[PDB]
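Here's the structure we're looking at; comments come further down.
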Amino acid sequence: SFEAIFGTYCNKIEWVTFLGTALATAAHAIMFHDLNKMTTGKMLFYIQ
Amino acid sequence: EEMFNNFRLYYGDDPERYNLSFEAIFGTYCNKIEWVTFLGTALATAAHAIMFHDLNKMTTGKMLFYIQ
């Protein structure tokens, strides 16, 4: 005769995302694609 | 049906809000006691079985034998 012993997994969490938070109004989240390949990224500001 | 209900209810009818599962298997054993008949034993050829309905009227344990 054979019937095993059970245990309950849970799968209820909160599915928060960057764009559903209010920090995506602090920065616009640019998906680059070779950021592992990149050395540096600079902005140039020409200012009079 | 019992097996599909093990998959349906004993996993969880909703795969969300929980997931029922098992970890440890469980195999045990519950033997059935061997039916032994008195009247089907080798003991029964020592006996002459006679069964009554009730024993109230013919109570006195005299038994005559008219022996030729």
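One line per chain: the protein sequences are p and q, in this order.
Be aware that the first sequence starts at 50, since it is given in the entry's author numbering, and climbs by one per residue.
Be aware that the second sequence starts at 30, since it is given in the entry's author numbering, and climbs by one per residue.
C-beta atoms are modelled at their ideal positions from N, C-alpha and C, and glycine is treated no differently.
Among the residues of the segment 50–76 of chain p, those with a Cβ less than 7 angstroms away from any Cβ of chain q are 50, 51, 52, 53, 54, 55, 56, 57, 58, 59, 60, 61, in the order of the chain. Residue 34(q) does not reach chain p, its nearest Cβ partner there being about 12 angstroms away, counting only Cβ pairs nearer than 8 angstroms. The DSSP-derived three-state label of residue 48(q) is strand.
If you draw a straight line from the Cα of residue 47(q) to the Cα of residue 69(q), it is about 57 angstroms long.
Rounded to the nearest angstrom, the gap between the Cα atoms of residue 73(q) and residue 59(q) is 30 angstroms. Residue 36(q): member of the alpha helix (DSSP H) spanning 31–37, first to last residue.
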